[PDB]
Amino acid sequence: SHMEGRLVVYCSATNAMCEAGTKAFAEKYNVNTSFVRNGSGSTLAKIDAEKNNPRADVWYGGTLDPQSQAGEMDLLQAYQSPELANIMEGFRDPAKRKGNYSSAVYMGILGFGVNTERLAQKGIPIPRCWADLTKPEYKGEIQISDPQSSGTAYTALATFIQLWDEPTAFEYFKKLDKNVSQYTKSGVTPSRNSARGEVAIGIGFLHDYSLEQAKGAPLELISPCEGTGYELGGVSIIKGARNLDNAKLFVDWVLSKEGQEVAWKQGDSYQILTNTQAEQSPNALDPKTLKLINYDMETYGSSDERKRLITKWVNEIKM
């Protein structure tokens, strides 16, 4: 019968990570825990819509930029976990509005995955650069997500501006658009469809491609030639949370060694962990071995930039 209260989680990681994380939390603390999974941008919209009568306690996973925007928008309540002492320097309080309205639970590398069987069958060379993806031979063979609803897609747009500049990122996207077969509402979906061979190339976070590989899909991960970007996975307590103590406990736990290791050991989710005492997945990428930009979480997690960039992308690129 009686348990130790409730926790309602709006999750934006994969369903597998969401399920493994909330299950392990629930079983440890005997908390009646539920979750729903939605894209990072979709989740922001939901929390904004529900702000007068909040339905969830915590927002777990997904990219940090929408969570940073929420903090700026007074949709979150700040909570500084003791566990932050164990979080890698530089990642302890990374959002636009400081004071840990949001905290960083993982790091994911942006890139693309390539179905080598499909390209080989079609006599199409494997691409290795972002710039390759605009070439004639990839028309109809690319899937990417939509930054209106997906955190991944916004991370990509932000990464192209930081690799290059804003006009050439948008010029890039105009050319890329001609080759896109589908814009997906969540970030993981291109990994699923490139794995099954419906399209040859998915743009997204590389650990989702590692998982598909591990399941037998003929995928090859590419960290592209020009360099690339990354997400921080966020955790945030929702302002007006009904179950506030269990929310704080959840934040403490998912920032801990124990909570983070559940993601790859039980949730099949191979992001880089931000806790300095956590065992890293042998399947995780090592950032020091990659050409990474220094992603400006503060500017791209600013509300005016999110809205300006996403509006410009819908207007100029998607139409």
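Numbering starts at 1 and follows the sequence shown.
Mean CA B-factor, 289 to 297 versus 39 to 47: the higher value falls on 289 to 297. Relative to its counterpart among 81 to 89 and 217 to 225, 81 to 89 has the higher mean temperature factor, C-alpha atoms as listed in the PDB entry. Reading the B-factor column for the CA atoms of 94, 233, 127, 111 in the entry, the top value corresponds to 94.
The PDB entry assigns the greatest CA B-factor among 178, 192, 248, 207 to 178. Ranked by Cα temperature factor within the chain, residue 166 sits in the middle third according to the deposited record. Annotation for residue 258: CA B-factor lies in the middle third of the chain's modelled residues. In the PDB entry, a CA B factor belonging to the highest third of its chain's modelled residues is recorded for residue 72. Ranked within its chain, residue 12 lands in the lowest third, by CA B factor from the PDB record. Per-chain ranking of the deposited C-alpha B factor places residue 140 in the middle third.
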